[PDB]
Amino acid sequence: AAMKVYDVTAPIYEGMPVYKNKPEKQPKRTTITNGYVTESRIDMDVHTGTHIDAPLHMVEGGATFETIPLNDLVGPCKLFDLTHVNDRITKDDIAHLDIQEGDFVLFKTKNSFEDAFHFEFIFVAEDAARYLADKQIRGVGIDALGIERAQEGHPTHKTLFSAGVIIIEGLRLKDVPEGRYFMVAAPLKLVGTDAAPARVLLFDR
């Protein structure tokens, strides 16, 4: 038939999976009645769930969220199946793939098949980040709450920030077949922030 749209965003609620299970990282909803009209507020970490990372996050004085051009967050992307991988995605895991200057690449891993936080999530290794940066992709997305662990200094993030790559974290990709999509990765229009929650959709156009 016609166009399929996939929503690859994690739902936000108190008790959701958060980073290292830290209970300070949980969102809080608050209400207030008196008469006729909802009130309600949401208090949340900007690195909650599915979200897009501003350079400010790992860089002092670093580039800030509204600085991300929408026009990179909208357009063709490639989704690769890396679910057979263990521990982490290396250079040698991705070097044979069709990845090029300008591409937005998304990596489905084992992470998408887990619903709670796991400390040993599949991440993007330093060698792989370098290879990607040197290739000059425009964007990379992963399906863990963070794109790096176990790497003193957070080199993966910085390799990628230095080379102008956008990072999307927290994606949920279990239901999406490998291949090409048109992506709309649509964040809250936060000004001056280290990241933002994003509602991400993939269209098979």
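Sequential numbering from 1, following the sequence displayed.
- Stretch comparison (52-60 versus 160-168) by mean CA B-factor in the PDB entry places 52-60 on top.
- The stretch 18-26 shows the higher mean C-alpha B-factor when 181-189 is compared against 18-26 in the entry.
- Per-chain ranking of the deposited C-alpha B factor places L202 in the lowest third.
- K174: CA B factor in the middle third of modelled residues in this chain (values from the PDB entry).
- Among the modelled residues of its chain, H154 has a C-alpha B-factor that falls in the highest third, as given in the PDB entry.
- In the PDB entry, a CA B factor belonging to the middle third of its chain's modelled residues is recorded for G139.
- In the PDB entry, a CA B factor belonging to the lowest third of its chain's modelled residues is recorded for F123.
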